[PDB]
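S.K.: 3D, please:
(2 chains, ligands or ions: 1)
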Amino acid sequence: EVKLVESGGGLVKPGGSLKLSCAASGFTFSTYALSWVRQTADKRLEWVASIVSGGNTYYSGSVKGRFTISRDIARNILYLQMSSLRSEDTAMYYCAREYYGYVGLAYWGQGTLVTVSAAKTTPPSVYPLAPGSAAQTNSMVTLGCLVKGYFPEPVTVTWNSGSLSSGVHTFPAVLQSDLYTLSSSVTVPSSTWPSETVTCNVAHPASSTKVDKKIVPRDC
Amino acid sequence: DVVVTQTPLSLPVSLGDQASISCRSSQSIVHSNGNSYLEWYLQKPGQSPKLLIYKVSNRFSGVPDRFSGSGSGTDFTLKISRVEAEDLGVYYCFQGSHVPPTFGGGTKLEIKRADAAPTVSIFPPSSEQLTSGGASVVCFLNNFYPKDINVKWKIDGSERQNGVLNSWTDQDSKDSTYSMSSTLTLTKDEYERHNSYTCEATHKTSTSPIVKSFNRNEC
Ligand SMILES: C[C@]12CC[C@H]3[C@@H](CCC4=CC(=O)CC[C@@]43C)[C@@H]1CC[C@@H]2O
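M.R.: Numbers count the residues shown, from 1 in each chain, chains lettered A, B, ... in the order given. The coordinates are given below.
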């Protein structure tokens, strides 16, 4: 089974450098063409670079001379060296393997998010969201968590360590003042909470933040 | 640089119907070797793009026969027969005959379903936040269709126009609906100076807004 995994993304200042990694396995490494593709905020995809079986590398005008793709055959690691970074470089970076003979991008990794900015790294604040005064309205209670004021992206959210998956809604972060804000909600049966625990697990890799906020009934 | 133009940017389709996406290159995609490296991809919300079709009409292992591709030179098409909910996401066509290889801007496939009113919930500021000297009132508008909806905030009767942030989730595969978050943020001081907080949802399914609110004097 083909498997590609990216890493190394994070926050970097304008004009800076960064080297991304992509660990491959499941296929003979030096036989196929490996590439780097990126996706910007507007969800547009753009080829960044490729290195074919023979060794030749190829780049696009927007990046030639700043980005250098290379592969470590002994370790099955594909690299992408970035230098003289620009705000436009901000995006999700995917490594992919061709199907065969320069045909298609058959296998993609999960992608590592690279943010180019001068803004300072900032931990998110997680706030529990509990009803204010219980009364009527069916038999299902809705709860939430407000992940506010962090930078940069991304942020991970789960409920009860991933055990609570049904009826969950996690909204995309919104940027305002160099800071991001996101929320998530989970709907459970009234017969459960608060006697049964409901906790949101928020993770923000850039600042090494990992918080488990338990939803508790609001006081007076 | 072969500019690949994709249309529409968004395409509605009901379950079991057919949908077609158009992809056109500013130059021929036919290569010297006689091949045309035109491909199609699908990226579902929160996921990586996936290969569907390559060389105009060749289906990648795993892709259902419902997906067919065709065209030539500069005009290409992706047809999706008997549409299912799981087919939603953004489709992209790709050209690999000229370097640099390029992608089209993408087409978002929306699934049509019965109209559904949002399930609204309002939440007062958490103790922890108040302690920080801040106060955000959050309103969830869950599982609705169509996507267009408006949220109005009122503090003690008057609508509050500033300090609001809204966020729509992508269409959900399980029920073909959408969800939205509305957050009203003020300082702790200004918040403790008022009593009632309400958020009014204006959707197509009703001529009168759905309302949710809480009074601070209440517990
Ligand atoms: C990126 C790619 C592998 C690298 C190929 C690219 C097609 C165009 C191309 C022409 C070349 O001469 C070098 C390899 C490249 C740059 C292929 C498109 C799909 C495949 O995965």
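S.K.: show me what contacts the closest residue to the ligand within chain A?
M.R.: Going by CB to the nearest ligand atom, the ligand is nearest to residue A:98 of chain A, at 3.3 Å. C-beta coordinates here come from the backbone N, C-alpha and C atoms, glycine included. Shown in contact with residue A:98 (CB atoms under 8 Å, 6 or more residues apart in numbering or on different chains): A:32, A:33, A:34, A:35, A:104, A:105, A:106.
S.K.: domain ranges for chain B?
M.R.: The domain map for chain B lists B:1-113, B:115-214, with the assignment taken from curated CATH domains.
S.K.: relative to residue A:139, which of these is closest?
M.R.: domain B:115-214 (13.1 Å; CB to CB).
S.K.: tell me which parts of chain A are close to the ligand?
M.R.: Residues of chain A that fall close to the ligand, judged by CB under 6 Å from any ligand atom: A:33, A:35, A:50, A:52, A:58, A:98, A:102, A:104, A:105.
S.K.: who wins for neighbours among the residues you listed?
M.R.: Each of the residues of chain A next to the ligand was scored for neighbours by other CB atoms under 10 Å in any protein chain shown, and residue A:105 scores highest at 28 neighbours.
S.K.: so residue B:7 bridges to which residues?
M.R.: residue B:22 (DSSP bridges).
S.K.: isn't it right up against residue B:108?
M.R.: No - using CB atoms under 8 Å, residue B:7 makes no contact with residue B:108, being 11.7 Å away.
S.K.: higher neighbour count, those two?
M.R.: Shown here are residue B:7 and residue B:108; by other CB under 10 Å, residue B:108 has more neighbours (16 against 13).
S.K.: my reading is that the more buried one lies in a helix. Confirm?
M.R.: No - Residue B:108 is assigned strand when assessed by DSSP: H, G, I helix; E, B strand; the rest coil, not a helix.
S.K.: so it is in contact with residue B:89, correct?
M.R.: Yes - using CB under 8 Å, residue B:108 is in contact with residue B:89, at 7.4 Å.
S.K.: mind checking the SS state of the spatially most central residue of chain A?
M.R.: Ranked by distance to the mean C-alpha position of chain A (CA atoms, centre = their mean), the top residue is residue A:154 at 4.8 Å. Assigned by three-state DSSP, the conformation of residue A:154 is coil.
S.K.: show residues contacting stretch B:100-110.
M.R.: Residues from elsewhere that reach stretch B:100-110 (CB under 8 Å, 6+ apart): A:43-47, A:58, A:60-61, B:1-13, B:19, B:21, B:23, B:37, B:41, B:80, B:83, B:87-95, B:171.
S.K.: could you pick out the buried ones from those residues?
M.R.: A:45-47, A:58, A:60, B:2, B:4, B:6, B:11, B:13, B:19, B:21, B:23, B:37, B:41, B:80, B:83, B:87-95, B:171 (16 or more other CB atoms under 10 Å in any protein chain shown).
S.K.: what about these, which are in strands?
M.R.: Using DSSP state E, the members of those that fall within strands are A:45-47, A:58, B:4, B:6, B:11, B:13, B:19, B:21, B:23, B:41, B:80, B:89-95.
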